[PDB]
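Asks: My questions will all concern the structure given below.
We did not get these values from a lab; they are worked out from the coordinates using the rules stated. Heads up, the Cβs are rebuilt from the backbone with ideal geometry, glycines too, and the neighbour counts pull from every protein chain shown.
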Amino acid sequence: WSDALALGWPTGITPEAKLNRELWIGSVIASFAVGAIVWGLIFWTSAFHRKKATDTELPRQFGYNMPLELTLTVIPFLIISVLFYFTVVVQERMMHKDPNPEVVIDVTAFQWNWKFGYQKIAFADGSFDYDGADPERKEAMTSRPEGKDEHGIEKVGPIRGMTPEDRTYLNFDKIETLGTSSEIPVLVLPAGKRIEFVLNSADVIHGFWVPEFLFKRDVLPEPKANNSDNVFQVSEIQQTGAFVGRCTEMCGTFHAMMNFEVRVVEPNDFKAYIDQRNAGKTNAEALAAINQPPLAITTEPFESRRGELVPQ
Amino acid sequence: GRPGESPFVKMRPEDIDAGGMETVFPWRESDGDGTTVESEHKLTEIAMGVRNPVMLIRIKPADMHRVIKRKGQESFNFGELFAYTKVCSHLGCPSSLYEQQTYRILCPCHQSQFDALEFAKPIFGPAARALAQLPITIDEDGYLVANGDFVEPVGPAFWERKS
Amino acid sequence: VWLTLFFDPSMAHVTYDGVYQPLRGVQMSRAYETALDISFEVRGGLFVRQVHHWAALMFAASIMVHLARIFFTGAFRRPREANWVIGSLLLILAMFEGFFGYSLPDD
Amino acid sequence: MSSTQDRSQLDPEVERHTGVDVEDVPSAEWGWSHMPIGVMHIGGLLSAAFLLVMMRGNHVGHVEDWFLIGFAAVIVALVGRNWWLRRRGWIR
Amino acid sequence: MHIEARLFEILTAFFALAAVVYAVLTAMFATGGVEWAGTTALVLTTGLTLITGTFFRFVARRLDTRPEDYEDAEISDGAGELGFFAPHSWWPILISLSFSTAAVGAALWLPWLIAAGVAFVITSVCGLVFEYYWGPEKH
Amino acid sequence: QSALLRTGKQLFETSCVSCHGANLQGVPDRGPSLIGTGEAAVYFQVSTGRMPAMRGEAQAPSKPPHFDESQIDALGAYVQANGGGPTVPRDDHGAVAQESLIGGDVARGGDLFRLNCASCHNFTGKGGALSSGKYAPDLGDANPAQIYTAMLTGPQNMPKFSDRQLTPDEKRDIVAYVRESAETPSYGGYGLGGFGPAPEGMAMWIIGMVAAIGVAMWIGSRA
Amino acid sequence: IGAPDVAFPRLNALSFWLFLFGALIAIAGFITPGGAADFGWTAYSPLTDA
Amino acid sequence: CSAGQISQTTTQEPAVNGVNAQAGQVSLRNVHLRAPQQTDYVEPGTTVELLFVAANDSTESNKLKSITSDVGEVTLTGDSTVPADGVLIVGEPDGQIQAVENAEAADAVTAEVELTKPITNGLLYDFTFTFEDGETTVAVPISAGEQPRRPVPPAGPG
Amino acid sequence: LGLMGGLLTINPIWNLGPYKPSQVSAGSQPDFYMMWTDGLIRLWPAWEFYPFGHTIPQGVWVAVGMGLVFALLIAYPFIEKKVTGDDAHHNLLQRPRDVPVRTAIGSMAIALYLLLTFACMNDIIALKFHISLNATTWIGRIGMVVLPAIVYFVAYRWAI
Ligand SMILES: CC(C)=CCC/C(C)=C/CC/C(C)=C/CC/C(C)=C/CC/C(C)=C/CC/C(C)=C/CC/C(C)=C/CC/C(C)=C/CC/C(C)=C/CC1=C(C)C(=O)c2ccccc2C1=O
Ligand SMILES: CCCCCCCCCCCCCCCC(=O)O[C@H](COC(=O)CCCCCCC[C@@H](C)CCCCCCCCC)COP(=O)(O)O[C@H]1[C@H](O)[C@H](O)[C@H](O)[C@@H](O)[C@@H]1O
Ligand SMILES: CCCCCCCCCCCCCCCC(=O)O[C@H](COC(=O)CCCCCCC[C@@H](C)CCCCCCCCC)COP(=O)(O)O[C@H]1[C@H](O)[C@H](O)[C@H](O)[C@@H](O)[C@@H]1O
Ligand SMILES: CCCCCCCC/C=C\CCCCCCCC(=O)OC[C@H](COP(=O)(O)OCCN)OC(=O)CCCCCCCCCCCCCCC
Ligand code: HEC
Ligand code: HEC
Ligand SMILES: *C[C@@H](COC(=O)CCCCCCCCCCCCCCC)OC(=O)CCCCCCCC[C@@H](C)CCCCCCCC
Ligand SMILES: *C(=O)CCCCCCCCCCCCCCC
Ligand code: FES
Ligand SMILES: [Cu+2]
Ligand SMILES: [Cu+2]
């Protein structure tokens, strides 16, 4: 009954997702109760037809019921305040910002596909002496001694002294699971660990949404400069297997072709995968080596052809 | 575009590259450079010939399979080199606007497109007759030469035509 | 009249060898060469030819506006159909003379 | 009140007795005021026919032909509606 | 115009409260301090309502109760010379067309068309404004 | 250069692998293969900003560059290393040569431009319309290096003018003519764009004829 | 409200024509070869940049 | 609807001399012949290079590149099994950057052909590239990568 | 006219090289008074007939069109009087509103002329106002039979 009453909400795979699903179930129950009573009122006042027995006498013509108005403007405030309190307590576990993530994934989303960096890994049980690279974060300070003019301008740069073509906000890592247009990226994560996602956009705003995480975030170009808390954490992922993930903000024309996967594997599988990726290998090769289907099993890199009626 | 001296210089297939167009003219060894006075009148005549200018276009090897050839013009092309008269088949303006990756020779005077891939037949605009295709080949030394003459009158059409 | 005092109609090929640097040593008709001479070499020749061409455009435009006036107001009826006819011939002549005029400097 | 009422004697010459009336066109007597509806019907039919005939030509695309068909169908539908309504006495 | 002014006074009070609370709770408890977009927008919509309500209050204090604003007012009380309301005019469509020309000139970055559209807008606004003041031709 | 290639690959990975795979092979029906296009093509396209294109249409429009000069050089070096092809001209220091591309002769450049370029652009470098949704952009914005690389590579529907077809001297002359025609003030008043008949007729009908008709309305009477 | 007309009745005529012609030029992006505005109705910032 | 399914920009070949042959798992890019010719033909018995780039499409690999020989006896010096979700650059196309400038497996799989038959620029010559997956005829062209014009003799008017 | 000759540049031939059969430009328009003939050339749909061993190119279509245009323009007053019956000596003008059918016909003709002129300019219109060149050509082709009808109807009703 819960699945049907959830209105097609996938059963979460994280503690945060489970808690959000429970809040959604409660809020939908409240909304359906309110809707049921209001629709009952409407379909019961629809029983007040103009009865032919109604002689030349108009209705009670009352209007203006102050006590009833007060009651029906007090109760909605109570309902929405209870819902707001539940919302706040659930929100509190939206980004706990635990300063000790078990694996940090640098999710950089460029125009029409994804890339995952594996910035850092630090298992609580003790493992994964791994770290991000960051030699490639090179700035584009246009601080030339002189510009077109002969002297004086000594232009530094448009924005904070730099150029919009900066890309310094982007972070890069040794293990990059770049997603090609013909190969859906598959970010592989260890099961049972705390996974942080550091979110960024190379070109334009778009949205990282794993539907089974019951949570999305908007990867913006420069979240730090836009006062956006791009980085967000997930306490745990219980269920293993492949979970589809999608782009949920306008990217451009190929906004519907940015699907990726978040394949949750066991911690030992993650050990093997990261070792085999440190060794020169691709994501598909590492998946095959850890004995898991290499290509995204929940989605395909569907046709680059503009459509069905195009003549190939 | 050299001002006056050696205005027309022999040409080689290697000079053009896939998806390239070059306006060529009918130059003869006798019509040497413009240094002399006997020359520079032959050269002026070549330049001012209404039906003289031709466009040599290099069809991409990948797109060579989309080419459809005309009757009596199947062997006119030298490999992937196609020579079509620049004079538009409709009122005779040059059709110089060559579009590659579409292979459409557009005329600016009245916006008529000719499909270069197929024999240069008009696929839009006032034109109704295809551009005349010059037979081309390479002579000794590899220079491009015409392998004949147009099998049809090349300028714009007129009453005494198509017979 | 001023323009004809400086214009030479001919296709006789000549290299410019004038003042206009962007066209030097280029074969051109004497008509184009003398149009360039009017534009550059002659004091106020550019202005005279520009006002001539603008007068041609205004001549055509005002003929069109006058034709619209008379047609819409019915000034062509019984007494003046001949006037309408000769005015139409005048409009045709103006059109073709403007054609020949901006065709005169071989461009 | 700084205006003087105008009066005019316009030389008249059809006697505007079979055609349009002042009720329909207030200034019928002052100038050419009615074109036979047959002229408009035949003109619309010929315009639609010309639009259809323009499909035959040198153009590989067919968006142009579909636009021609749509406009010709609109013209034919308008002419048919007008003709039918007039035949039935401007009914429906 | 007491109620007319009081509407905007209430709106101004609410918007001032909203701007103040937003500014405070964004200067603290936000990622980067004051948002500076919502804050400014709220402050200047408070200013919108404040200007309108202040003018309406000035008018209400300057005006004796109108029949419109007076409960228990008979129709004959307000009966009288209503002011000039513009009859038919074709200048609005010309103004709209001129502004559309300027707008397309801005969209398609055509400075010549922008200039033409601005000149047409000036002409059409002049026509609309002078429509009922142009005197008779003096010959 | 090693670091230049690394930077170019880095930018390529997060810019355009959605349209030409990490191997630079063209993604079928989204973008053409970059193998052999060359540093010159990459420079022209990215510097003009045309290429990081966010739609498939009749013609990819020009737009503000999405990469600075150093990043453009990184992209070009990466693509040259992967495919190998034409290289953008450069001066003695190493920067992309622009002044050096201004050919000495301008009459020759103008003749070449008219024979080859004006065909679709204009007499004086303005734009021109093409078959269906395409167009030739106005050259006034293109700097000499961009003009030279635009000749060297055929971006889209522009014939590819190889160095053999137009030797660097002829290309430099064409660049000089383009810059001269773009930066030359219009002699004889405001130059209405560059198109003569259409702008001139519009200007007549608006300025001259509105002036004449308004003056006629002023002088005469209404009745 | 019992009024005969609106406060500025030539202004509301302008408002309708500003609506009509303003609307037409927005929908007119379709006739262009590229198409109408591809970005969403919300038209978020970087996607709408040149 | 000029931005529909059939769009000019999307349906464009690269503006490069080499042809593209996507047939087979491995896609061939910028496949041309460097055969500098001083006369009508490149005479038989002269070795000319076969440039191209073999890009692997499927990461699951087709790195064999068995023979890729046709009329011309194409030999693959320094052959290697490079293509695995990557590129195999057989030679050094004119303007190619020496990304390494060192002997990495000697030459990078340079393909050279002893013609045994005249060829000339502007013609298309069939080459059968055969990987373990399959074989494809490519119809390679002749490309003068970065060579300038060869001075044509001055003309003596007659 | 002097102010225009000063401030506005008209036909800057120096930018336009000397005529050569090979050199071209994208604009290629005549003055506005011949722009309508050029637009007729552009719009008329490439209909050529081939009698026994001969050709009748698309140019003759426009030649006949111009002939018809001039003939009708010259012979309108006589056409007008044949149609209406007016053989009276008219010295008082008619207001265009007072003569609807003639006003409608004149509006229709002006609409056709403007459509032809903008069709001739379709190259620059397509270039600047981002419309496909084929789209402008076919807009002209369809509108040269649609826009005249729309303008006739609108002008007739407007006069009434
Ligand atoms: C044969 C034919 C007419 C084919 C169709 C091509 C065509 C003309 C399409 C319309 C052009 C337009 C209006 C494009 C904008 C986008 C569009 C279609 C919007 C919807 C149209 C619509 C119903 C809008 C509602 C409000 C409305 C009426 C807006 C009109 C806006 C405009 C542009 C008004 C002015 C009309 C106008 C000037 C159109 C261009 C015509 C010409 C020949 C301009 C000539 C000209 C040019 C081309 C210059 O470059 C130039 C440069 C420097 C100085 C002068 C000029 C100059 O005069
Ligand atoms: C007063 C003059 C105004 C004109 C009056 C006439 C009104 C009648 C309008 C008739 C409309 C007819 C439109 C059809 C036209 C047509 O047939 O062409 C198409 C393009 O469709 C279009 O957008 C058409 C949009 C039509 C819009 C109508 C515009 C009305 C405006 C002009 C009115 C405002 C007037 C303002 C006057 C200003 C005052 C003046 C003083 C396809 O081109 P193409 O590009 O090649 O498409 C390829 C595919 O085919 C192929 O599949 C695929 O492969 C692709 O490759 C693709 O390219
Ligand atoms: C009684 C006669 C009164 C006539 C008024 C005369 C106007 C005086 C204008 C100013 C003085 C003379 C300027 C001469 C120097 C000069 O030419 O002026 C250009 C500017 O040009 C533009 O942009 C246009 C700027 C907009 C203002 C001018 C618009 C006036 C129009 C509206 C008058 C005609 C009427 C038409 C009505 C239209 C409406 C129809 C309903 C400026 O350079 P630029 O801007 O960079 O030009 C680019 C090259 O650089 C680059 O290569 C090149 O490739 C191009 O991109 C070029 O634009
Ligand atoms: C309301 C319902 C309107 C209809 C709603 C559906 C609209 C869908 C339109 C485009 C979708 C994108 C596909 C874009 C590709 C086109 C489809 C295709 O694949 O067909 C190929 C040819 C070119 O291919 P070709 O090789 O060069 O030539 C082939 C050689 N034999 O196009 C064609 O047939 C053109 C056929 C496309 C349909 C026509 C669209 C214009 C309709 C205008 C209606 C206006 C009515 C006016 C009313 C006043
Ligand atoms: C149609 C044939 C054609 C001819 C021939 C041609 N062009 Fe172009 N040109 C184009 C087209 C189409 C584009 C658009 C390319 C793009 O947007 O990627 C273009 C783009 C350009 C640009 C880019 C301008 C900018 O700001 O982005 C320049 C510069 C240029 N051409 C100059 C030249 C020069 C120099 C020649 C010397 C002969 C020439 N063209 C010949 C059609 C042509
Ligand atoms: C699908 C969107 C798209 C993206 C994003 C894109 N390209 Fe392209 N690319 C194309 C298309 C389509 C063409 C051919 C048409 C054109 O260039 O307008 C092309 C052509 C090119 C060319 C010219 C090819 C030739 O033969 O002249 C170069 C160089 C190029 N791309 C490099 C790049 C670089 C570098 C980037 C990243 C900065 C990039 N592209 C991003 C689609 C794209
Ligand atoms: C790609 C295909 C598929 O789409 C279609 O077929 C839909 C086409 C709908 C019909 C459009 C007809 C053109 C508008 C005619 C308006 C009347 C003109 C006469 C009066 C001057 O189709 C296409 O090729 C392109 C599809 C996009 C078409 C966009 C049309 C946008 C209309 C815009 C120019 C404004 C119209 C002005 C209406 C004026 C009437 C109110 C005053
Ligand atoms: C061409 O490049 C653009 C194609 C746009 C595809 C979507 C079709 C939109 C049609 C909606 C109706 C247009 C307005 C109708 C006015 C009568
Ligand atoms: S002059 Fe070339 S199509 Fe008409
Ligand atoms: Cu998305
Ligand atoms: Cu995205």
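Asks: What number of residues within the stretch E:99-117 are surrounded by 19 or more Cβ atoms within 10 Å (Cβ to Cβ), among the small types (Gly, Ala, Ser), in contact with a helix residue (DSSP H, G or I) (Cβ under 6 Å, 6 or more places away or on another chain) and closer than 17 Å to F:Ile207 by Cβ?
Replies: Of the residues in that region, 1 qualify.
Asks: Out of all the residues in the stretch F:116-142, which are of a type in the set (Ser, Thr, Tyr) and over 17 Å from F:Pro159 (Cβ atoms)?
Replies: Just the residues of the stretch F:116-142 that are of a type in the set (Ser, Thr, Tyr), to begin with: F:119, F:124, F:131-132, F:135.
Within the stretch F:116-142, F:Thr124, F:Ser132 meet the criteria.
Asks: Counting only residues that are away from ligand 6 (no atom under 16 Å from the Cβ), within 17 Å of F:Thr48 (Cβ to Cβ) and more than 14 Å from chain G (Cβ to nearest Cβ), give me the helices (runs of 4 or more DSSP H) lying completely in the stretch F:133-220 with at least 2 of them.
Replies: Passing ranges, in order: F:168-183.
Asks: Tell me, yes or no, whether the stretch I:52-61 has at least one residue that is more than 30 Å from C:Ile86 (Cα to Cα), surrounded by 19 or more Cβ atoms within 10 Å (Cβ to Cβ) and small (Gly, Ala, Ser).
Replies: There is no residue in the stretch I:52-61 that is more than 30 Å from C:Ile86 (Cα to Cα), surrounded by 19 or more Cβ atoms within 10 Å (Cβ to Cβ) and small (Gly, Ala, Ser).
Asks: Residue by residue through the stretch I:110-150, note down the ones that are near ligand 1 (Cβ under 8 Å from one of its atoms) and small (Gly, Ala, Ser).
Replies: I:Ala119, I:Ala126, I:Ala135, I:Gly140, I:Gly143 - these are the residues of the stretch I:110-150 that are near ligand 1 (Cβ under 8 Å from one of its atoms) and small (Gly, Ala, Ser).
Asks: Which of the following residues is at negative phi and not in a helix (DSSP H, G or I): I:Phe52, I:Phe70?
Replies: I:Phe52
Asks: Taking the criterion of being touching a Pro at 6+ places or on another chain (Cβ under 9 Å), under 24 Å from A:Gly8 (Cβ atoms) and among the basic types (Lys, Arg), would at least one residue in the stretch A:226-248 satisfy it?
Replies: Yes.
Asks: If I ask for residues that are more than 8 Å from chain I (Cβ to nearest Cβ) and crowded, with 16+ Cβ neighbours inside 10 Å, which ones from the stretch D:29-40 would you list?
Replies: D:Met40
Asks: Which residue, of E:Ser89, E:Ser124, E:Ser100, is of a type in the set (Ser, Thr, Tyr), outside any helix (DSSP H, G or I), facing another protein chain (nearest Cβ under 10 Å) and away from ligand 8 (no atom under 16 Å from the Cβ)?
Replies: One residue alone meets the criteria, E:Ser89.
Asks: Tell me which residues, restricted to the stretch H:43-64, are assigned to a strand (DSSP E or B) and either crowded, with 23+ Cβ neighbours inside 10 Å or within 10 Å of chain F (Cβ to nearest Cβ) (or both).
Replies: H:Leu50, H:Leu51, H:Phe52, H:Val53, H:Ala54, H:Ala55, H:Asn56
Asks: Also, quick follow-up: Hey, could you check the stretch A:179-198 for residues that are touching a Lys or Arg at 6+ places or on another chain (Cβ under 8 Å) and within 14 Å of chain F (Cβ to nearest Cβ) and say which is farthest from A:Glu16 (Cα to Cα)?
Replies: Selected residue: A:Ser181.
Asks: Just for the stretch H:66-98: of the residues that are at the interface with chain F (Cβ under 8 Å from one of its Cβ atoms) and among the hydrophobic types (A, V, I, L, M, F, W, C), which one is farthest from H:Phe129 (Cα to Cα)?
Replies: Among residues in the stretch H:66-98 that are at the interface with chain F (Cβ under 8 Å from one of its Cβ atoms) and among the hydrophobic types (A, V, I, L, M, F, W, C), the one farthest from H:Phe129 (Cα to Cα) is H:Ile97.
Asks: Starting from residues that are closer than 30 Å to H:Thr9 by Cβ and of a type in the set (S, T, N, Q), keep the ones in the stretch A:253-277 and report whichever is surrounded by the most Cβ atoms within 10 Å (Cβ to Cβ).
Replies: A:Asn259
Asks: Please indicate, with yes or no, whether at least one residue in the stretch B:64-80 is surrounded by fewer than 23 Cβ atoms within 10 Å (Cβ to Cβ) and in contact with an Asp or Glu (Cβ under 6 Å, 6 or more places away or on another chain).
Replies: yes
Asks: Take the residues in the stretch B:110-121 that are outside any loop (DSSP other than H, G, I, E, B) and touching a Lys or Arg at 6+ places or on another chain (Cβ under 7 Å), then tell me which one is surrounded by the fewest Cβ atoms within 10 Å (Cβ to Cβ).
Replies: B:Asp115
Asks: Only residues in the stretch E:2-24 that are closer than 15 Å to E:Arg61 by Cα count as the first member; pair them with residues that are outside any helix (DSSP H, G or I), Cβ under 8 angstrom, at least 6 apart or cross-chain, and list the lot.
Replies: Once the first residue is closer than 15 Å to E:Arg61 by Cα and sits in the stretch E:2-24, its partners that are outside any helix (DSSP H, G or I) give E:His2/E:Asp69; E:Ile3/E:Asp69; E:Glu4/E:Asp69.
For (1) more than 30 Å from F:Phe12 (Cα to Cα); (2) surrounded by 10 or more Cβ atoms within 10 Å (Cβ to Cβ), each residue gets a yes or a no:
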| residue | (1), (2) |
| --- | --- |
| A:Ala6 | yes, yes |
| A:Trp24 | yes, yes |
| A:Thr54 | yes, yes |
| A:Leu68 | yes, no |
| A:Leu72 | yes, yes |
| A:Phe110 | no, yes |
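Asks: Give me the residue from the stretch A:247-268 that is part of a helix (DSSP H, G or I) and closer than 18 Å to A:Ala122 by Cβ and, out of that set, nearest to ligand 11 (Cβ to nearest atom).
Replies: A:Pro267
Asks: Scan the stretch C:71-107 for residues that are at the interface with chain I (Cβ under 7 Å from one of its Cβ atoms), of a type in the set (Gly, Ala, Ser), over 13 Å from the mean Cα position of the chain (by Cα) and in a helix (DSSP H, G or I) and jot them down.
Replies: Listed by number, the list holds a single entry, C:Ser88.
Asks: Hey, can you tell me all the residues within the stretch B:81-108 that are within 13 Å of chain F (Cβ to nearest Cβ), surrounded by fewer than 24 Cβ atoms within 10 Å (Cβ to Cβ) and either outside any strand (DSSP E or B) or within 16 Å of ligand 10 (Cβ to nearest atom) (or both)?
Replies: B:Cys93, B:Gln101, B:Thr102, B:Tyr103
Asks: Moving on. Kindly indicate the residue of the stretch B:131-141 that is buried (at least 21 other Cβ atoms within 10 Å of the Cβ) and within 10 Å of another protein chain (Cβ to nearest Cβ) and also farthest from I:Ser28 (Cα to Cα) among those meeting that condition.
Replies: Applying the filter and picking the extreme gives B:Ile138.
Asks: Moving on. Is it true that some residue in the stretch H:128-140 is outside any strand (DSSP E or B), touching a helix residue (DSSP H, G or I) at 6+ places or on another chain (Cβ under 6 Å) and on the phi > 0 side of the Ramachandran plot?
Replies: The answer is no; no qualifying residue exists.
Asks: I need the full set of residues from the stretch B:13-30 which are within 7 Å of another protein chain (Cβ to nearest Cβ) and surrounded by 20 or more Cβ atoms within 10 Å (Cβ to Cβ), in order please.
Replies: Initial filter on the stretch B:13-30 (within 7 Å of another protein chain (Cβ to nearest Cβ)): B:13-23, B:29-30.
If the condition is that a residue be within 7 Å of another protein chain (Cβ to nearest Cβ) and surrounded by 20 or more Cβ atoms within 10 Å (Cβ to Cβ), then B:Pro13, B:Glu14, B:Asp15, B:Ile16, B:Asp17, B:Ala18, B:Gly19, B:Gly20, B:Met21, B:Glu22 are the ones that fit.
Asks: So which residues in the stretch H:22-41 are under 18 Å from H:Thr116 (Cβ atoms) and either among the charged types (D, E, K, R) or buried (at least 22 other Cβ atoms within 10 Å of the Cβ) (or both)?
Replies: H:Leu33, H:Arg34, H:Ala35, H:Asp40
Asks: Being facing another protein chain (nearest Cβ under 7 Å) and of a type in the set (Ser, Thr, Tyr): is that true of C:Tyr16 here? Before the answer, list the steps.
Replies: Values: facing another protein chain (nearest Cβ under 7 Å): no; of a type in the set (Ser, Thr, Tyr): yes.
No.
Asks: For chain G: of the residues being away from chain F (no Cβ under 14 Å), β-branched (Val, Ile, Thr) and not in a loop (DSSP other than H, G, I, E, B), which is farthest from ligand 8 (Cβ to nearest atom)?
Replies: For chain G, the residue satisfying everything is G:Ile25.
Asks: Residues that are within 16 Å of ligand 11 (Cβ to nearest atom): list the strands (runs of 3 or more DSSP E) wholly contained in the stretch A:78-144 that include at least 1 such residues.
Replies: A:103-110, A:113-116
Asks: Shifting gears a bit: Of the residues B:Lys60, B:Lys71, which is within 14 Å of chain F (Cβ to nearest Cβ) and part of a loop (DSSP other than H, G, I, E, B)?
Replies: B:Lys60
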